[PDB]
């Protein structure tokens, strides 16, 4: 054959990647050479960019949401590291909380039998047993970071940071004591947490209590009377107010009885429940609960409380739009009340019994002594209204008895104080988008308060012991010694010994002048542990900085790690943790709905790296618009596979068609190239311009677009093909071949670097197969630089490339009739046209036949009617 003495592409680079068998090994080497540090070595000094890592929970195996997140930060960090910045990424992990605990007994722990320390550990091995578990994944994603020496909220040094924050706050009047409502089961004498309760049918005594309106102000609007629906009985004796829904009300008002107030929404309902339609005799003088939102009335039981009014959000259906609110046994019931200095009624024993506030209620039952109780004061109190029924009332599993809301000693962070100091910061913090500022600027402006304590045994205990019988020791020195103590031993040294040997060595407080000391139990709400990232790590690892440049997490972090971090950061350094703040949506299924086993639509991470590899996973995340929930489906991945396939294949062609090329020696001066070679050079420039800018705005999707378009249209659909007649024929060192190779070497490599952060594996691969590249690893190479572009040229070829597209519809037609079949078989002839000056135009170009990969062409100035006219001239096609 005449191909024996031909030129061909040669490289071991496979067409089919097989990343799953490939990626691992490639990692182990980066892990070998220890890139991460050397990454910092390279740069070192220079500028610096910090992307503080939000610590994911140390429990379970990573779901897609992580992948997106971590791959987005990896993109961000790598790129940066490539522009030279000293960007040390430091992975984090959440090790405290309650799941991690529930995930113990749900296996077979058997609580009571151990000891706090006897489980802290047994709820700490697991933690670390997870970190490793989840570490491999993140690593498996080619993500890059201090994984060998990450940070974890349970490290002795971390609590240090943990308590000081609290402390600094404390010593600024913010971390006080108080009371909030909490699920409770007297059949355990302790509290519970949602996950600890299931619901069943309880026989509740539905009642529409006849309440009376009164008092001048509470008389501002006529003087009828007040109804009120509540399915529980004892709730009432713990009275504080009534809140309608300002914006929909109509306090009705009506006949005989004593006239009654409710909402229009219920009017009928009410009557349909109290045999009231004893002639549906309409309403009179209807008010506006919206405004009414501040009246006053006194309720039966003993009404030695002027139950005011307020504006709540939602209360439709049920009974009278009255509600009856008691911030003691109702969560949302707790806020609306509280919002305006409203009490905290009857605590009610560790058992179903109360004491204070209760008249006869002193020694009662939580149930039956709430029942016949309802009675007595019903009639003999102002007469009322009653029903019986079955509900959906909560119960404590494991015991299966009932549970009830109760008041309980708790701690909080004065949000009210700080709100503002925060918001102001919120404003002076930048965002990838915009709605995020809003959303969060609003979270805070409605935040309310921060219950910062749980009765669990796994977490930084709040540093507070008592001594004065009034007690409450919590000031500097006392606080610190705890940190200056927690280090050498850990959050363990609290549950270790007694309050005594944990205070300021030989210290003594005026109160409890008996040397006796009682230390608090309550540990902190994990959002604190995590909220203290800017503390325990950003400001404590010599190679970082406090003002992290940008936090990057998912939309549910706007209240989570975002707020709890800034909320905390401010209350210490009165400034924002992060400078920039980028957010990302969730991962839905195909449609765009939630992923869940019960449906069978959950593309899990691992299962994918194992199938299509991770370089695919990455090219996917890049294909999405994270500014909103992103979609993943097996249909999606194929196209993602497809894409990666083309890309891979394309570097493959170049890799082998530069196999014999060698810059140092061969390359041609730009000044000395074939115009067409220049053209693409520039097109590699334009592309480099537009992609580095894209990288800068964290707009990858935009690259997934360009890279793609560029590859198909510019490379394969053209340059590469046209190039075949050069790279395969002309003497191995003919000025023509070497010219094209000179640009290809660049149209390549330079682009190899541009993809480095998104195709971490494949990048490195193409790198290993590229001659004389001067540096082991694409990931330790500065990115190509952005050079000015000879537009005027780019424009000519845009026109020429147009004309091309025409030269084809002219060919296909001709190729359809069989007049031709493989372009090279035809002789093209176009000429000036009244719609285009084809003649004088095609003057500059050369090898028009070659550019059109045909046999021949000729510009004639004129052609005849017979000649099928096109957009860029008059064309005609003919065999040989």
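Residue numbers count along the first chain shown, from 1.
Engineer: Which has higher Cα B-factors on average according to the PDB entry: 159-167 or 753-761?
Structural biologist: According to the entry, 159-167 carries the higher average C-alpha B-factor.
Engineer: Tell me which stretch, 662-670 or 345-353, has the higher mean Cα B-factor listed in the entry.
Structural biologist: According to the PDB entry, the answer is 345-353.
Engineer: Taking the Cα B-factors listed in the entry, which of 651, 614, 801, 266 comes out highest?
Structural biologist: Going by the entry's C-alpha B-factors, 266 comes out highest.
Engineer: Per the entry's Cα B factor values, which of 579, 406, 80, 202 stands out as the maximum?
Structural biologist: In this record, 202 carries the highest C-alpha B-factor of the candidates.
Engineer: Among the chain's modelled residues, which third holds the C-alpha B-factor of residue 250?
Structural biologist: According to the entry, residue 250 has a C-alpha B-factor in the chain's highest third.
Engineer: Based on the deposited C-alpha B factors for this chain, I'd like to know if residue 313 is in the lowest, middle or highest third.
Structural biologist: Its C-alpha B-factor belongs to the highest third of this chain's values.
Engineer: Based on the entry's values, in what third of the chain does the Cα temperature factor of residue 489 lie: lowest, middle or highest?
Structural biologist: It belongs to the highest third of the chain when residues are ordered by C-alpha B-factor.
Engineer: Sorting by Cα B-factor within the chain, modelled residues only, which third would residue 275 end up in: lowest, middle or highest?
Structural biologist: Residue 275: CA B-factor falls in the highest third of its chain.
Engineer: Can you work out whether the C-alpha temperature factor of residue 107 puts it in the lowest, middle or highest third of the chain?
Structural biologist: As the PDB entry reports it, the C-alpha B-factor of residue 107 lands in the highest third of its chain.
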